[PDB]
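One file, start.cif, is given below (mmCIF, C-alpha atoms).
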```
data_query
#
loop_
_atom_site.label_atom_id
_atom_site.label_comp_id
_atom_site.auth_asym_id
_atom_site.auth_seq_id
_atom_site.Cartn_x
_atom_site.Cartn_y
_atom_site.Cartn_z
CA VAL A 5 118.84 -4.81 14.71
CA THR A 6 121.88 -2.54 14.35
CA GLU A 7 122.27 -2.99 18.12
CA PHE A 8 124.36 -5.58 19.93
CA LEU A 9 124.08 -6.92 23.46
CA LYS A 10 127.01 -5.81 25.58
CA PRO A 11 128.66 -8.73 27.40
CA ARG A 12 128.92 -8.62 31.17
CA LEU A 13 131.14 -10.52 33.57
CA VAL A 14 128.68 -12.87 35.25
CA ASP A 15 130.72 -15.13 37.52
CA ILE A 16 134.26 -16.03 38.56
CA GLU A 17 134.54 -19.67 39.62
CA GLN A 18 137.73 -19.92 41.70
CA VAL A 19 137.78 -23.67 41.17
CA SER A 20 141.18 -24.01 42.87
CA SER A 21 143.93 -21.91 44.40
CA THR A 22 145.36 -21.27 40.92
CA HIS A 23 142.95 -22.83 38.45
CA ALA A 24 140.11 -20.39 37.82
CA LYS A 25 137.17 -19.87 35.49
CA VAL A 26 135.36 -16.79 34.25
CA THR A 27 132.07 -16.34 32.40
CA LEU A 28 131.06 -13.59 29.97
CA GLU A 29 127.49 -13.23 28.79
CA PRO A 30 125.65 -12.38 26.55
CA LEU A 31 127.53 -12.39 23.23
CA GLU A 32 126.23 -11.79 19.73
CA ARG A 33 126.72 -14.54 17.18
CA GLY A 34 130.28 -15.07 15.98
CA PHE A 35 131.83 -12.79 18.60
CA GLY A 36 132.73 -15.65 20.92
CA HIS A 37 135.68 -16.82 18.87
CA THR A 38 136.79 -13.25 18.19
CA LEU A 39 136.92 -12.16 21.82
CA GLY A 40 138.23 -15.49 23.08
CA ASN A 41 141.17 -15.56 20.70
CA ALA A 42 141.93 -11.89 21.29
CA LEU A 43 141.90 -12.20 25.07
CA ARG A 44 143.92 -15.42 24.99
CA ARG A 45 146.62 -13.73 22.93
CA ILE A 46 146.63 -10.63 25.13
CA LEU A 47 146.80 -12.54 28.41
CA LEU A 48 149.52 -14.89 27.22
CA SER A 49 151.35 -11.91 25.74
CA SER A 50 151.71 -9.14 28.32
CA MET A 51 151.09 -9.14 32.07
CA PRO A 52 153.04 -7.36 34.82
CA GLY A 53 155.24 -9.86 36.66
CA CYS A 54 157.70 -9.57 39.52
CA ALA A 55 160.35 -12.18 38.76
CA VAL A 56 163.70 -12.16 40.55
CA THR A 57 166.67 -10.61 38.76
CA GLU A 58 169.86 -10.66 40.87
CA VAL A 59 171.39 -12.67 43.70
CA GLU A 60 174.27 -12.00 46.10
CA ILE A 61 175.43 -14.89 48.25
CA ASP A 62 177.88 -14.30 51.08
CA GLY A 63 180.74 -16.69 50.45
CA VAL A 64 180.81 -17.22 46.69
CA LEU A 65 182.33 -15.46 43.69
CA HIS A 66 180.79 -17.11 40.62
CA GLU A 67 177.90 -19.43 39.86
CA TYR A 68 180.19 -22.24 38.66
CA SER A 69 181.76 -22.84 42.08
CA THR A 70 180.37 -24.79 45.04
CA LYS A 71 179.72 -24.01 48.70
CA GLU A 72 180.60 -26.34 51.54
CA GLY A 73 177.73 -27.57 53.68
CA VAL A 74 175.16 -27.28 50.89
CA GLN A 75 174.60 -30.39 48.78
CA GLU A 76 173.61 -28.70 45.50
CA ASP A 77 175.46 -26.59 42.97
CA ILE A 78 175.05 -22.83 42.87
CA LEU A 79 173.52 -23.23 39.42
CA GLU A 80 170.85 -25.50 40.88
CA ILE A 81 170.03 -22.93 43.55
CA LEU A 82 169.76 -20.20 40.93
CA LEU A 83 167.57 -22.36 38.70
CA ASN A 84 165.20 -23.19 41.53
CA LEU A 85 165.12 -19.56 42.64
CA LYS A 86 164.17 -18.55 39.10
CA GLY A 87 160.86 -20.38 39.48
CA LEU A 88 159.94 -18.38 42.56
CA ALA A 89 156.50 -16.77 42.92
CA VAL A 90 155.84 -13.54 44.83
CA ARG A 91 153.85 -10.30 44.77
CA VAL A 92 154.89 -6.76 45.68
CA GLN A 93 152.38 -4.06 46.59
CA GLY A 94 153.81 -0.57 46.21
CA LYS A 95 157.41 -0.55 45.05
CA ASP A 96 158.71 -1.58 41.64
CA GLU A 97 161.90 -3.07 43.11
CA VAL A 98 162.77 -4.70 46.44
CA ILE A 99 165.65 -6.55 48.09
CA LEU A 100 164.81 -9.66 50.07
CA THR A 101 167.20 -11.36 52.48
CA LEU A 102 167.54 -15.02 53.40
CA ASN A 103 169.57 -16.34 56.31
CA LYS A 104 169.49 -19.96 57.44
CA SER A 105 171.52 -22.39 59.52
CA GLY A 106 171.18 -25.93 60.78
CA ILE A 107 170.33 -29.05 58.79
CA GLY A 108 167.35 -29.48 56.50
CA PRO A 109 165.56 -28.03 53.49
CA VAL A 110 165.19 -24.31 52.95
CA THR A 111 161.64 -23.41 51.97
CA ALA A 112 160.71 -19.99 50.69
CA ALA A 113 159.14 -19.32 54.10
CA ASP A 114 162.64 -18.88 55.54
CA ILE A 115 162.77 -15.36 54.06
CA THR A 116 162.56 -12.40 56.44
CA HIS A 117 159.57 -11.01 54.57
CA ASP A 118 158.18 -7.51 54.96
CA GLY A 119 154.52 -6.49 55.00
CA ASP A 120 154.52 -5.51 51.33
CA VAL A 121 156.29 -8.51 49.77
CA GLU A 122 154.06 -11.59 49.91
CA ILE A 123 155.14 -15.10 48.97
CA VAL A 124 152.51 -17.26 47.28
CA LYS A 125 154.18 -20.68 47.65
CA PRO A 126 155.76 -20.76 51.13
CA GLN A 127 156.74 -24.42 50.77
CA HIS A 128 158.82 -23.91 47.62
CA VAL A 129 162.07 -25.73 48.31
CA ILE A 130 165.43 -24.12 47.61
CA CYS A 131 168.32 -26.17 48.97
CA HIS A 132 169.21 -28.76 51.59
CA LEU A 133 171.77 -27.89 54.24
CA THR A 134 173.54 -31.08 55.33
CA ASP A 135 175.48 -29.82 58.36
CA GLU A 136 174.28 -28.14 61.54
CA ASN A 137 177.17 -25.65 61.56
CA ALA A 138 176.67 -24.75 57.92
CA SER A 139 174.71 -21.58 57.20
CA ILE A 140 173.84 -19.56 54.12
CA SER A 141 172.99 -15.89 53.78
CA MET A 142 171.95 -14.18 50.57
CA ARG A 143 170.35 -11.04 49.21
CA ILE A 144 167.71 -11.44 46.51
CA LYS A 145 166.68 -8.69 44.12
CA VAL A 146 163.11 -8.56 42.84
CA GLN A 147 162.10 -6.21 40.03
CA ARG A 148 158.80 -5.44 38.31
CA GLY A 149 158.85 -6.26 34.62
CA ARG A 150 156.99 -7.70 31.64
CA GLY A 151 157.59 -10.60 29.29
CA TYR A 152 161.02 -12.21 28.96
CA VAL A 153 164.43 -10.60 29.34
CA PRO A 154 167.66 -12.62 29.04
CA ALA A 155 170.50 -11.54 31.27
CA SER A 156 172.63 -10.97 28.16
CA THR A 157 170.74 -7.94 26.88
CA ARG A 158 170.53 -5.76 30.00
CA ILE A 159 172.53 -2.52 30.20
CA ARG A 166 178.98 -4.46 39.10
CA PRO A 167 181.08 -6.06 41.86
CA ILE A 168 182.32 -9.62 41.41
CA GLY A 169 179.74 -11.00 43.86
CA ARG A 170 176.58 -10.25 41.89
CA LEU A 171 174.91 -13.12 40.05
CA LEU A 172 172.40 -12.43 37.29
CA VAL A 173 169.49 -14.64 36.29
CA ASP A 174 167.02 -14.50 33.41
CA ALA A 175 163.68 -12.75 33.79
CA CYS A 176 160.32 -14.33 33.03
CA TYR A 177 157.74 -11.80 34.21
CA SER A 178 154.53 -13.70 33.44
CA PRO A 179 151.99 -15.17 35.89
CA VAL A 180 149.84 -17.06 33.40
CA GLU A 181 150.70 -20.52 32.10
CA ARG A 182 147.67 -21.92 30.26
CA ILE A 183 144.56 -20.28 28.83
CA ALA A 184 141.62 -22.08 27.21
CA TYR A 185 138.04 -21.15 26.47
CA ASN A 186 134.74 -22.41 25.12
CA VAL A 187 131.61 -20.88 23.66
CA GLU A 188 128.14 -22.24 24.26
CA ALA A 189 124.51 -21.30 23.82
CA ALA A 190 122.99 -19.15 26.56
CA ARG A 191 119.55 -19.37 28.19
CA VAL A 192 118.25 -15.86 27.52
CA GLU A 193 114.55 -15.13 28.03
CA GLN A 194 113.75 -15.70 24.33
CA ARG A 195 116.47 -15.88 21.69
CA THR A 196 118.57 -18.44 19.85
CA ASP A 197 122.15 -18.26 18.59
CA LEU A 198 123.04 -16.22 21.68
CA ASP A 199 126.50 -17.04 22.95
CA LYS A 200 128.17 -17.33 26.35
CA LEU A 201 131.94 -17.45 26.79
CA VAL A 202 133.79 -19.45 29.43
CA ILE A 203 137.48 -18.74 29.94
CA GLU A 204 139.48 -21.32 31.86
CA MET A 205 142.83 -20.09 33.17
CA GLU A 206 145.64 -21.55 35.24
CA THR A 207 148.11 -19.03 36.64
CA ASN A 208 150.97 -19.44 39.08
CA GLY A 209 148.64 -17.94 41.69
CA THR A 210 149.96 -14.39 42.10
CA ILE A 211 147.18 -12.54 40.26
CA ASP A 212 143.46 -11.86 40.57
CA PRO A 213 141.69 -13.35 37.51
CA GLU A 214 139.13 -10.55 37.31
CA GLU A 215 141.92 -8.00 37.51
CA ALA A 216 143.70 -9.81 34.69
CA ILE A 217 140.60 -9.73 32.50
CA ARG A 218 140.01 -6.04 33.12
CA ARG A 219 143.69 -5.37 32.44
CA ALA A 220 143.64 -7.22 29.14
CA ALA A 221 140.40 -5.57 28.08
CA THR A 222 141.58 -2.05 28.81
CA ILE A 223 144.87 -2.83 27.08
CA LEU A 224 143.08 -4.01 23.96
CA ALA A 225 140.65 -1.09 23.90
CA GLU A 226 143.44 1.44 24.38
CA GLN A 227 145.40 -0.16 21.56
CA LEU A 228 142.38 -0.29 19.26
CA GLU A 229 141.34 3.33 19.80
CA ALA A 230 143.99 4.44 17.30
CA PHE A 231 142.06 3.25 14.25
CA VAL A 232 138.94 5.32 14.90
CA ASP A 233 139.06 9.03 14.03
CA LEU A 234 142.03 8.52 11.72
CA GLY B 1045 213.10 -20.28 25.42
CA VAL B 1046 209.81 -20.02 27.31
CA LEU B 1047 210.26 -18.26 30.65
CA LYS B 1048 206.72 -18.78 31.93
CA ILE B 1049 203.21 -19.71 30.77
CA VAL B 1050 199.84 -18.52 32.06
CA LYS B 1051 196.57 -20.29 31.28
CA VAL B 1052 193.05 -18.96 31.77
CA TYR B 1053 189.68 -20.71 31.56
CA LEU B 1054 186.58 -19.03 30.17
CA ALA B 1055 183.11 -20.48 30.72
CA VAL B 1056 180.25 -19.75 28.33
CA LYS B 1057 176.62 -20.79 27.93
CA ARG B 1058 175.50 -21.31 24.36
CA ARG B 1059 171.74 -21.14 24.60
CA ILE B 1060 170.13 -21.55 21.17
CA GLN B 1061 169.67 -19.69 17.89
CA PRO B 1062 167.92 -20.21 14.57
CA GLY B 1063 170.54 -22.11 12.62
CA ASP B 1064 171.47 -24.73 15.18
CA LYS B 1065 171.17 -28.42 14.29
CA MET B 1066 169.07 -30.70 16.48
CA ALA B 1067 167.72 -34.10 15.52
CA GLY B 1068 165.58 -37.06 16.49
CA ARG B 1069 166.86 -40.60 16.90
CA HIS B 1070 165.63 -41.93 13.53
CA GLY B 1071 168.02 -40.06 11.26
CA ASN B 1072 165.52 -37.24 10.85
CA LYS B 1073 167.91 -34.33 11.38
CA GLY B 1074 166.96 -30.71 10.84
CA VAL B 1075 168.07 -27.14 11.35
CA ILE B 1076 166.07 -25.00 13.75
CA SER B 1077 164.67 -22.08 11.81
CA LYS B 1078 162.59 -19.75 13.98
CA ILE B 1079 161.38 -19.11 17.53
CA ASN B 1080 157.71 -18.30 17.42
CA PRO B 1081 156.10 -16.75 20.48
CA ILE B 1082 153.85 -19.22 22.24
CA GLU B 1083 150.67 -17.42 21.24
CA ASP B 1084 151.11 -18.34 17.56
CA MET B 1085 151.75 -21.99 18.28
CA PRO B 1086 149.02 -24.53 17.56
CA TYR B 1087 147.13 -25.56 20.67
CA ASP B 1088 144.70 -28.37 21.45
CA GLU B 1089 141.23 -27.76 22.81
CA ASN B 1090 142.62 -28.59 26.25
CA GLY B 1091 144.87 -25.50 26.15
CA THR B 1092 148.34 -27.09 25.96
CA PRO B 1093 150.28 -25.75 22.95
CA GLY C 846 216.06 -9.01 26.17
CA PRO C 847 212.97 -10.96 27.20
CA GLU C 848 209.47 -9.60 27.68
CA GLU C 849 207.32 -9.62 30.80
CA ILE C 850 203.70 -9.62 31.95
CA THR C 851 203.76 -6.26 33.71
CA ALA C 852 200.38 -4.69 34.40
CA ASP C 853 201.51 -1.46 32.68
CA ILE C 854 201.34 -1.09 28.90
CA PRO C 855 201.53 1.89 26.55
CA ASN C 856 198.80 3.76 24.67
CA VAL C 857 195.85 2.22 26.50
CA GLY C 858 193.16 3.84 28.59
CA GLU C 859 192.68 2.76 32.17
CA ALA C 860 189.27 1.35 31.23
CA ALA C 861 190.71 -1.87 29.82
CA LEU C 862 193.25 -2.03 32.65
CA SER C 863 190.49 -1.80 35.27
CA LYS C 864 190.01 -5.58 35.21
CA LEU C 865 193.64 -6.62 35.67
CA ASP C 866 195.29 -6.73 39.08
CA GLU C 867 198.57 -5.11 40.11
CA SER C 868 200.52 -8.03 38.65
CA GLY C 869 199.01 -7.87 35.16
CA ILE C 870 196.58 -10.77 35.46
CA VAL C 871 192.80 -10.59 35.50
CA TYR C 872 191.00 -11.49 38.71
CA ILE C 873 189.24 -14.84 38.97
CA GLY C 874 185.52 -14.64 38.25
CA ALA C 875 185.69 -11.52 36.10
CA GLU C 876 183.11 -11.40 33.31
CA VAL C 877 185.11 -10.49 30.20
CA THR C 878 183.65 -9.81 26.75
CA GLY C 879 184.90 -9.97 23.17
CA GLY C 880 188.08 -8.02 22.57
CA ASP C 881 189.38 -7.61 26.11
CA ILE C 882 192.78 -8.06 27.77
CA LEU C 883 193.49 -11.08 29.95
CA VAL C 884 197.25 -10.85 30.59
CA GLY C 885 199.25 -7.73 29.81
CA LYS C 886 202.40 -8.51 27.83
CA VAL C 887 204.90 -6.07 26.41
CA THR C 888 206.89 -5.48 23.25
CA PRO C 889 210.56 -5.57 24.32
CA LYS C 890 211.74 -2.46 22.49
#
```

Exercise: express the given structure as structure tokens:
Amino acid sequence: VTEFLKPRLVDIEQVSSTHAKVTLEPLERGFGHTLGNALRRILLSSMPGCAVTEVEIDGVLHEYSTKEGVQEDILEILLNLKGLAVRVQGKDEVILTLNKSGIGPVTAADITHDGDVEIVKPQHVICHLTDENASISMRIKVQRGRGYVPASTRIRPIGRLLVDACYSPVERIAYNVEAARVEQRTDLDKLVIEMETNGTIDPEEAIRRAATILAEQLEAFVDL
Amino acid sequence: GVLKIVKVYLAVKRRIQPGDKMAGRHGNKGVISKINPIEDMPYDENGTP
Amino acid sequence: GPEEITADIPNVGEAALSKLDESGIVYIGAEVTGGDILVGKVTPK
């Protein structure tokens, strides 16, 4: 009485490459819904992402034009590039480069990656070159951000193309509560959090991040 | 009277705002009113909001 | 007399003029905003 069992992270079931599960246990009565809702909101709210921001293709001036040899519009390329997935280790901003020639699709793997920038979906398609002597070169800009940022609201040459930023790994978060199997007690809860991210984040790291975020935010109320 | 004429073409992307008018096919029109963040949206037990 | 589309116009900072070319016509692909200048035209006076 007047004491509450502190939950502990018991297990992380990496059920798939992206789909993952986590278990917290034990949990005093009624706290399951509280913590689950809080963590769901936090995770869906704020997480550091590394979405792409700018593009610079060799032989184009504006996104509304076309390029010979490639069978898709520049807008299509930009749209597809927007859904890219990647992680960066040390720096908060990097410039990737893509060069390609010959006929065929252009996966993400065709990037001249460095040892710090790691693609998560190498097979992600970009565009289909339809002529052997038709090449494309481009410079991609990757920044580290949070949440959403439309290109309209930020802050040079006529070759830079700007996309919209969606720095968020997570896509769907669900959870359940259920009775535990403690040595001897009833109405003791156990929380299971199911998550499905785009694959560029460690679930445990995400949970610790959200928890520290919430605690740091909450610490204002005490000692008014 | 006119010595020469120059024409220029601007391209814009209207995205969306509260106030726009979208509608279903059964004469059930309406005016969009607000853009809630996803976290406030109702969600099923399966996790899809 | 008539008027022309010369790139030079009075009482205007170079900032607005930065986007026009030597002729007095904006470059293709420029990203203009509200209240800009597209073609410089003069008051014959």

Point to revise | Exercise answer, chain B residues close to chain C, 12 Å and all atoms listed in the file, as number ranges by chain | key: B: 1045-1056

Review point. Chain B residues within 8 Å of chain A, counting only C-alpha atoms: which ones, as a PyMOL selection string?
Key: chain B and resi 1082-1083+1089-1092

Practice item. Take the PyMOL selection byres ((chain A) within 12 of (chain C)), apply it to the structure above, and return the hits as JSON, numbers by chain. Key: {"A": [64, 65, 66, 67, 68, 69, 156, 166, 167, 168, 169, 170, 171, 172]}

Just C-alpha atoms for this one: save the residues we selected as a JSON list (two decimals), in the frame of the given file.
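Final output, saved to selection-v8.json:
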```
[["chain", "number", "residue", "atom", "x", "y", "z"],
["A", 64, "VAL", "CA", 180.81, -17.22, 46.69],
["A", 65, "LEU", "CA", 182.33, -15.46, 43.69],
["A", 66, "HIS", "CA", 180.79, -17.11, 40.62],
["A", 67, "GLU", "CA", 177.90, -19.43, 39.86],
["A", 68, "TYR", "CA", 180.19, -22.24, 38.66],
["A", 69, "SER", "CA", 181.76, -22.84, 42.08],
["A", 156, "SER", "CA", 172.63, -10.97, 28.16],
["A", 166, "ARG", "CA", 178.98, -4.46, 39.10],
["A", 167, "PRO", "CA", 181.08, -6.06, 41.86],
["A", 168, "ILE", "CA", 182.32, -9.62, 41.41],
["A", 169, "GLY", "CA", 179.74, -11.00, 43.86],
["A", 170, "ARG", "CA", 176.58, -10.25, 41.89],
["A", 171, "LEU", "CA", 174.91, -13.12, 40.05],
["A", 172, "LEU", "CA", 172.40, -12.43, 37.29]]
```

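Atom pair CA of residue 108 (chain A) / CA of residue 81 (chain A): separated by 14.8 Å.
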
Practice item. For residue 1064 (chain B), please output as an MDAnalysis selection string all residues within 10 Å (counting only C-alpha atoms; exclusion window: fewer than 2 positions along the same chain). Key: chainID B and resid 1060:1062 1066 1074:1077

Review point. Expressed in Å to a single decimal, how great is the separation between CA of residue 226 (chain A) and CA of residue 50 (chain A)?
Key: 14.0 Å

If you take every atom of region 69-72 of chain A that the file lists and fit an axis-aligned box around them with 8 Å extra on each side, what centre and edge lengths come out in Å to one decimal, as JSON?
```
{"center_x": 180.7, "center_y": -24.6, "center_z": 46.8, "size_x": 18.0, "size_y": 19.5, "size_z": 25.5}
```

**Study point:** Shell around region 13-16 of chain A at 6 Å using all atoms listed in the file, local window under 2 positions removed, as a PyMOL selection string
**Key:** chain A and resi 25-28

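One finds CA of residue 54 (chain A) at 6.9 Å from CA of residue 90 (chain A).
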
Exercise for review: Taking the file as shown, find all residues satisfying the PyMOL selection byres ((chain A and resi 55) around 7) and write them as JSON, numbers by chain.
Suggested key: {"A": [53, 54, 56, 57, 146, 147, 148, 175, 176, 177]}

For the file shown, what are the residues hit by the PyMOL selection byres ((chain C and resi 853) around 8), laid out as a PDB file with C-alpha atoms, in the frame of the given file?
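This is the output file part-v2.pdb:
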```pdb
ATOM      1  CA  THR C 851     203.760  -6.260  33.710  1.00  0.00           C
ATOM      2  CA  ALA C 852     200.380  -4.690  34.400  1.00  0.00           C
ATOM      3  CA  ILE C 854     201.340  -1.090  28.900  1.00  0.00           C
ATOM      4  CA  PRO C 855     201.530   1.890  26.550  1.00  0.00           C
ATOM      5  CA  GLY C 869     199.010  -7.870  35.160  1.00  0.00           C
ATOM      6  CA  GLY C 885     199.250  -7.730  29.810  1.00  0.00           C
TER       7      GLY C 885
END
```

Exercise for review: Would you kindly return, as a VMD selection string, each protein, DNA or RNA residue with an atom no farther than 10 Å from any atom of residue 861 (chain C), considering only C-alpha atoms and excluding same-chain residues fewer than 6 positions away?
Suggested key: chain C and resid 880 to 883

Taking the point (126.5, -15.3, 21.7) as given in the file, collect each protein or nucleic acid residue that comes within 9 Å of it, counting all atoms listed in the file, and present the set as a short mmCIF file (atom, residue, chain, number, x, y, z; two decimals) with C-alpha atoms, in the coordinates of the input.
```cif
data_model
loop_
_atom_site.label_atom_id
_atom_site.label_comp_id
_atom_site.auth_asym_id
_atom_site.auth_seq_id
_atom_site.Cartn_x
_atom_site.Cartn_y
_atom_site.Cartn_z
CA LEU A 9 124.08 -6.92 23.46
CA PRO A 11 128.66 -8.73 27.40
CA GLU A 29 127.49 -13.23 28.79
CA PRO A 30 125.65 -12.38 26.55
CA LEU A 31 127.53 -12.39 23.23
CA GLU A 32 126.23 -11.79 19.73
CA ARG A 33 126.72 -14.54 17.18
CA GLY A 34 130.28 -15.07 15.98
CA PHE A 35 131.83 -12.79 18.60
CA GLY A 36 132.73 -15.65 20.92
CA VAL A 187 131.61 -20.88 23.66
CA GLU A 188 128.14 -22.24 24.26
CA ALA A 189 124.51 -21.30 23.82
CA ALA A 190 122.99 -19.15 26.56
CA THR A 196 118.57 -18.44 19.85
CA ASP A 197 122.15 -18.26 18.59
CA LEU A 198 123.04 -16.22 21.68
CA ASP A 199 126.50 -17.04 22.95
CA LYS A 200 128.17 -17.33 26.35
CA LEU A 201 131.94 -17.45 26.79
#
```

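Distances here use only C-alpha atoms; by that measure, the residue among A:38, A:101, A:21, A:210 closest to residue 116 (chain A) is A:101.
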
**Study point:** Non-local contacts of residue 141 (chain A) (8 Å; all atoms listed in the file; under 6 positions in same chain excluded) as a PyMOL selection string
**Key:** chain A and resi 61-62+101-104

Practice item. Quick one: everything within 7 Å of residue 120 (chain A), counting all atoms listed in the file, minus sequence neighbours fewer than 2 positions away in the same chain. Send it as a ChimeraX atom specification. Key: /A:92-93,118,122

Would you fill out region 862-882 of chain C with N, CA and C atoms and return it as a PDB file, in the coordinates of the input?
```pdb
ATOM      1  N   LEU C 862     192.396  -1.604  31.554  1.00  0.00           N
ATOM      2  CA  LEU C 862     193.250  -2.030  32.650  1.00  0.00           C
ATOM      3  C   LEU C 862     192.489  -2.208  33.956  1.00  0.00           C
ATOM      4  N   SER C 863     191.251  -1.725  34.030  1.00  0.00           N
ATOM      5  CA  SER C 863     190.490  -1.800  35.270  1.00  0.00           C
ATOM      6  C   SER C 863     190.321  -3.229  35.758  1.00  0.00           C
ATOM      7  N   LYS C 864     190.295  -4.200  34.850  1.00  0.00           N
ATOM      8  CA  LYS C 864     190.010  -5.580  35.210  1.00  0.00           C
ATOM      9  C   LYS C 864     191.242  -6.367  35.629  1.00  0.00           C
ATOM     10  N   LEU C 865     192.434  -5.940  35.234  1.00  0.00           N
ATOM     11  CA  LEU C 865     193.640  -6.620  35.670  1.00  0.00           C
ATOM     12  C   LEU C 865     193.991  -6.211  37.091  1.00  0.00           C
ATOM     13  N   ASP C 866     194.802  -7.037  37.741  1.00  0.00           N
ATOM     14  CA  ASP C 866     195.290  -6.730  39.080  1.00  0.00           C
ATOM     15  C   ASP C 866     196.653  -6.059  38.965  1.00  0.00           C
ATOM     16  N   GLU C 867     197.266  -5.773  40.114  1.00  0.00           N
ATOM     17  CA  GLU C 867     198.570  -5.110  40.110  1.00  0.00           C
ATOM     18  C   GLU C 867     199.598  -5.891  39.314  1.00  0.00           C
ATOM     19  N   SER C 868     199.495  -7.218  39.297  1.00  0.00           N
ATOM     20  CA  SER C 868     200.520  -8.030  38.650  1.00  0.00           C
ATOM     21  C   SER C 868     200.428  -7.944  37.132  1.00  0.00           C
ATOM     22  N   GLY C 869     199.216  -7.841  36.594  1.00  0.00           N
ATOM     23  CA  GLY C 869     199.010  -7.870  35.160  1.00  0.00           C
ATOM     24  C   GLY C 869     198.187  -9.069  34.744  1.00  0.00           C
ATOM     25  N   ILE C 870     197.405  -9.596  35.680  1.00  0.00           N
ATOM     26  CA  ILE C 870     196.580 -10.770  35.460  1.00  0.00           C
ATOM     27  C   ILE C 870     195.172 -10.468  35.945  1.00  0.00           C
ATOM     28  N   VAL C 871     194.183 -10.841  35.133  1.00  0.00           N
ATOM     29  CA  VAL C 871     192.800 -10.590  35.500  1.00  0.00           C
ATOM     30  C   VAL C 871     192.443 -11.379  36.758  1.00  0.00           C
ATOM     31  N   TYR C 872     191.510 -10.825  37.527  1.00  0.00           N
ATOM     32  CA  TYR C 872     191.000 -11.490  38.710  1.00  0.00           C
ATOM     33  C   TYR C 872     190.134 -12.685  38.319  1.00  0.00           C
ATOM     34  N   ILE C 873     190.107 -13.690  39.192  1.00  0.00           N
ATOM     35  CA  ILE C 873     189.240 -14.840  38.970  1.00  0.00           C
ATOM     36  C   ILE C 873     187.791 -14.381  39.077  1.00  0.00           C
ATOM     37  N   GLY C 874     186.937 -14.924  38.218  1.00  0.00           N
ATOM     38  CA  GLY C 874     185.520 -14.640  38.250  1.00  0.00           C
ATOM     39  C   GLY C 874     185.106 -13.424  37.453  1.00  0.00           C
ATOM     40  N   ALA C 875     186.051 -12.674  36.901  1.00  0.00           N
ATOM     41  CA  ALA C 875     185.690 -11.520  36.100  1.00  0.00           C
ATOM     42  C   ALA C 875     184.899 -11.966  34.870  1.00  0.00           C
ATOM     43  N   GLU C 876     184.006 -11.097  34.417  1.00  0.00           N
ATOM     44  CA  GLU C 876     183.110 -11.400  33.310  1.00  0.00           C
ATOM     45  C   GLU C 876     183.580 -10.594  32.098  1.00  0.00           C
ATOM     46  N   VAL C 877     184.529 -11.161  31.358  1.00  0.00           N
ATOM     47  CA  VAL C 877     185.110 -10.490  30.200  1.00  0.00           C
ATOM     48  C   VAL C 877     184.168 -10.599  29.013  1.00  0.00           C
ATOM     49  N   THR C 878     184.442  -9.815  27.974  1.00  0.00           N
ATOM     50  CA  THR C 878     183.650  -9.810  26.750  1.00  0.00           C
ATOM     51  C   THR C 878     184.620  -9.873  25.572  1.00  0.00           C
ATOM     52  N   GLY C 879     184.066  -9.902  24.364  1.00  0.00           N
ATOM     53  CA  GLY C 879     184.900  -9.970  23.170  1.00  0.00           C
ATOM     54  C   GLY C 879     185.859  -8.797  23.116  1.00  0.00           C
ATOM     55  N   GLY C 880     187.091  -9.068  22.699  1.00  0.00           N
ATOM     56  CA  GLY C 880     188.080  -8.020  22.570  1.00  0.00           C
ATOM     57  C   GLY C 880     188.407  -7.352  23.882  1.00  0.00           C
ATOM     58  N   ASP C 881     188.944  -8.118  24.824  1.00  0.00           N
ATOM     59  CA  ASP C 881     189.380  -7.610  26.110  1.00  0.00           C
ATOM     60  C   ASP C 881     190.862  -7.929  26.262  1.00  0.00           C
ATOM     61  N   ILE C 882     191.410  -7.691  27.450  1.00  0.00           N
ATOM     62  CA  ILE C 882     192.780  -8.060  27.770  1.00  0.00           C
ATOM     63  C   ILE C 882     192.746  -8.986  28.970  1.00  0.00           C
TER      64      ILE C 882
END
```
